[PDB]
Number of protein chains: 2
Amino acid sequence: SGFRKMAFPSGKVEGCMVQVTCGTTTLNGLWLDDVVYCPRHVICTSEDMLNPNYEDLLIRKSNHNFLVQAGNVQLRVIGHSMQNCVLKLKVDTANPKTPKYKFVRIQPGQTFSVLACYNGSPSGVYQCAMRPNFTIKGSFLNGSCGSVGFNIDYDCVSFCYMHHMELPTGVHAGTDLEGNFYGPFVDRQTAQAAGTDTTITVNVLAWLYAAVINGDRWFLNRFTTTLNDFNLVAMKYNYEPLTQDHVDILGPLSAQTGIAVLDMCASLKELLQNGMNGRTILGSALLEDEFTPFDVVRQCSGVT
Amino acid sequence: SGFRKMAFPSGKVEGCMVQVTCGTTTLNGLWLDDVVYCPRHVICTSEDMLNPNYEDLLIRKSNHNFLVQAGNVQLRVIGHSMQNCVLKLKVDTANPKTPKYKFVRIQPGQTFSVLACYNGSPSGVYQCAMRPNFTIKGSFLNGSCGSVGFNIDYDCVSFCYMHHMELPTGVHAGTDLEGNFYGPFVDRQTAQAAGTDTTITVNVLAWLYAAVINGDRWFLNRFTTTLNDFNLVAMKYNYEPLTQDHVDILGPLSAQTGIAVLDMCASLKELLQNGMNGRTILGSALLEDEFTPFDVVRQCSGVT
Ligand SMILES: Cc1ccncc1NC(=O)[C@H](c1cccc(Cl)c1)N(C)C
Ligand SMILES: Cc1ccncc1NC(=O)[C@H](c1cccc(Cl)c1)N(C)C
C-alpha cells in the first residue's frame, strides 16, 4: 500500500553521464557506445545565444576543442557532427557502462524519470510528465543542460529527453536524443510561447483508480456519465477530451477494482464541479495527472 | 528554476541489493562488504508472525538454509547472526560494488530516498521524510521488505532505513541498519499504535523559502509574529513547535531571500488560519513538509 511519484532507478543512466566543455561553456553529455550526445548550444558564448548560427559556430570548432571527461578520465574526440539541436562527439572508447538502450520520442501525457546533473555528476532523480504543451515542469539550474529523461523496461533504457532550455516562465524545454525539440521551441534566447496546457484526463483517472486500490474512496459516488457528457465538463476545465482509446487503456484498472470507467468519470466530473471540499486524495489536495495507467499498474503490481 | 520532490541517484544502492530466501520466504538484502543485511522475519512462516520467538526460530536454521543471490550469482553463507530485528549473513565474497558507506539513525523530520525492491531487484526511487511519529508514508508491497532508505554525501552512502512492516493503517515502519525499529513498533502481526503525527514546521518554512526563490510569492504578507505567538498557532494545527534551533537552521534561506524567519512564520500563520483560498504553492494545494532546509539549499544551489 501507499502511492508515490516514483522514478526509475537511475544507476544505468548515472554510468553514462559525462562533462562536455567547449571553450568557456561546460554542460552534461550522455556517453553511449563511442558517441557522446549533448545540446549543441555548448558551442555558444553569451553573445551568440540571442540568434546563433550553429552551422557557422560549429565550423570554428575542431575535435580537440571539445573536452569530454567521464569522472576523472578524459575521452579522446575523433569525430563531431550536429544532428538537429544535438552534437554527437565520436570518442575512441566505447562506454563500458553502456546499458541496453533505445532512443524514443515520447508522446505528450507520457511519463519519464529525469536524472538532473551538473558538470557530468548526478544530483537527483525525479518523475516528470511530458505536458500536452510539450514542456516539462522540472527542477533545473544553469549547468543542468544535457541532463536526460528516460524509462526502463527490464534491462533496456529508453532515452526520451535531453534538457536544453528554461523558458522565461520557469518551465522546461528540450529535445529527444535525435535533437528534435518537443514542441515549437528553438534553441535561442528569445521569448517563446509555450501554448495552453491541459490536464491529462486519462492520467487523472488512472490516479483515481490508484486511490481506490490504496483505500482512498471518499470521492466514489452513486452516479454515472457518458463520454460526450464527461467531455463537455473536460472542455470547461481545460482537461484533455477522453476517447475510447483512453477507456481501453484504463481497462486493466477497471477490471482490478470492479469500477466501470464511466462511473470513475462521473466521480471526476463531480470533483471538477465541486472541488475536494477540503479533503485529500493520496496525500494531494489537487487532481494529479503525472501518473499514466501503466505507472499505476506497475507500482500496484511490483514490476522491477 | 522549478522545485521537485527529488531523490538521490540510486546507483550506488542498486549495486548492493540481493535476494535472501529462507525456506518459503523471499525478501531483499543489502550486501555491504562481506555481510548481507535483511529483516529477521525472513526466518518466519505465516504461522510464526502472530508472535514469533525469533531466537528459537533462528536456532532451527543453518548457514546453508539462507539462500543469497545477487543478480544471477549465488553467495556462499559462512556465518549468521541476529542483531536486534536484522539478520547479518556473513558471505565469503565482499561486494565489489560496495560504495563508501555509513549506518546512521536519522532524526524524525529528516528526509531520505527509498529504493523499493522485489526479489533483490530495484523498481523505483522516491523521497520520504521520517514522520515525527517514526512512520514513513512510502509505497511498498509484499516482497519489498529489506528495501532501504539512504542519503548521499559526495561519494558516501548513509543508510538510515530498512523496510519491515506495513501497519493496518497502510503506513510503513522499519529499522535503522543495526535492526532497531524507528518508533514503538515490533516485528509481529499485531495491531500497533502509530502515535499522533504532526507537521514538520521547519520543513514547511524551508519549502516556503523554496517557493519564494522559485517565484511563488503570493503568500507573503505585511505581517510579522513572535516564536511564542506562532507556536500558539502551531499547537492548534498540530504543527511541531518552532525553536530557535529551527530558526538558526533556516538562516541560510533567510540570508538568500532577505525575508526574516519570523516574517515567513507570519505568512505560515495566515496560511494555517485562512487556507490557500483555492491557490497553489510549488504545484501543491497543501503545505508540504517533506523538504528539509538542507534539501532546499541543495536543490537550489546544485550540489551533486
Ligand atoms: C539557466 C538555465 C536554467 C535551467 N535550464 C536551463 C538553463 N539554460 C538556458 O536556458 C540557457 C539557454 C538560453 C536560450 C536557449 C537555450 Cl536552448 C538555452 N543556457 C544557454 C544557459
Ligand atoms: C505485506 C507488506 C506490504 C508492505 N510492506 C510490508 C509488508 N509485509 C508485512 O507487513 C509483513 C509483516 C507482518 C507483521 C510484522 C512484520 Cl515486521 C511484517 N510481512 C511478514 C509479510
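Values reported hereafter were calculated over all heavy atoms of this structure, with side chains retained and with hydrogens, waters and symmetry mates removed. Per chain, numbering begins at 1; letters A, B, ... match sequence-line order.
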Please identify, among A/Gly143, A/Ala285, A/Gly11, A/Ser139, the residue contributing the most non-hydrogen atom pairs under 4.5 Å to chain B. A/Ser139
Interchain contact, B/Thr280 with chain A, by part (heavy-atom threshold 4.5 Å): side chain
Per-residue contact mode, A/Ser301 against chain B (heavy atom under 4.5 angstrom): backbone
Calculate, to the nearest 0.5 Å, the distance between atoms CD and OG belonging to B/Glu14 and A/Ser10 respectively. 6.0 Å
If one checks every heavy atom of B/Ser284 against chain A at 4.5 Å, the contacting part turns out to be backbone
Top of B/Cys117, B/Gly138, B/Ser123 for chain A proximity - count of heavy-atom pairs under 4.5 angstrom: B/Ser123
Find the distance between SG (B/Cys128) and CZ (A/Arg4) and round it off to the nearest 0.5 Å. 4.5 Å
Interchain contact, B/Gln127 with chain A, by part (heavy-atom threshold 4.5 Å): backbone
Tell me, yes or no, whether the heavy-atom count around A/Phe219 atom CZ, taken from other residues, nucleotides or ligands under 6.0 Å, exceeds 12. yes
Value rounded to 0.5 Å, distance of CG in B/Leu167 from OG in A/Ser1: 11.0 Å
Walk me through it: do A/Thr304 and B/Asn119 pass the test side-chain contact (heavy atoms from CB on, under 4.5 Å)? CA-CA 9 Å; A/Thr304 66; B/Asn119 304 98; 5.9 Å; no
Is it true that atom OH of A/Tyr237 has more than 12 heavy atoms of other residues, nucleotides or ligands lying nearer than 6.0 Å? yes
Checking heavy atoms, do the side chain of B/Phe3, its backbone, both or neither come under 4.5 Å from chain A? backbone
Heavy-atom closest pair, residues A/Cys300 and B/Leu141: O-CD1, 3.6 Å
